[PDB]
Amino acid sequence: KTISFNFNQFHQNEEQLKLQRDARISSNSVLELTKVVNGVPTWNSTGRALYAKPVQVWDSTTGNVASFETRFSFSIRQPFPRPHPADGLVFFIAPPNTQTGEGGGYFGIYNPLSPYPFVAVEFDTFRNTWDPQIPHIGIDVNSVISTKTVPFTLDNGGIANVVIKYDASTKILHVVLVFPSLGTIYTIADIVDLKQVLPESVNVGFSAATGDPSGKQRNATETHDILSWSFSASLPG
């Protein structure tokens, strides 16, 4: 049992994608998670994009958990250097049919009022109280307070290549971030037991958010574009 899909680009109204909130697909075929007006990213924005069909990460009958690999490219343009860009984007796995959570530093995946479990890889650009220096890659399990963190220098407006791989046998989740224009490579990994955190079926996708109004800083924003995305999951039973 191996499921998989590929998006070399995104078309308007893909029957395979479920867009929520501010998420939208541009004319250029790019998935814009957060609002961008007349070429300018806006604040107080939150958006998600989930693969329409649910994927089975583990089977309770056999006890087997799936191994998977996903690759995508994104771009984050920060037009306004000061006071501070925000907030970042994440790739996440969550139960089916969840609704966008809180924006801001919660990226739209954490819902303080009705929390749902999730595993996510974040590309954090704003330093909240619970954060280390930014930008940083983080591995999140049921919380925005990362288990592991690693700093990286953003290629403003440049393209970033990401590879996330999960090996069920070792329970290792390793992510690689590469900025081809700079030739920089960033790596991070951690042990995560998906069977202990998530239900048998889940949704996979992205979520991002720009500055929250409470910070009263309209400049706290940036773009969160996904240029391409491939996903492959393998369940031995």
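Residue positions are given as counts along the sequence shown, with the first one as 1.
Set 33 to 41 against 64 to 72 and average the Cα temperature factors; 33 to 41 ends up higher. Across the two stretches, 16 to 24 and 222 to 230, the PDB entry reports the greater mean Cα temperature factor for 16 to 24. Sorting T149, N161, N111, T125 by the CA temperature factor given in the entry leaves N111 at the top. When the modelled residues of the chain are ordered by their C-alpha B factor, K53 lands in the highest third.
Sorting the modelled residues of the chain by their CA temperature factor places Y116 in the highest third. The deposited CA B-factor of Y106 belongs to the middle third of values across its chain. Among the modelled residues of the chain, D59 sits in the highest third by CA temperature factor in this PDB entry.
Among the modelled residues of the chain, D193 sits in the middle third by CA temperature factor in this PDB entry.
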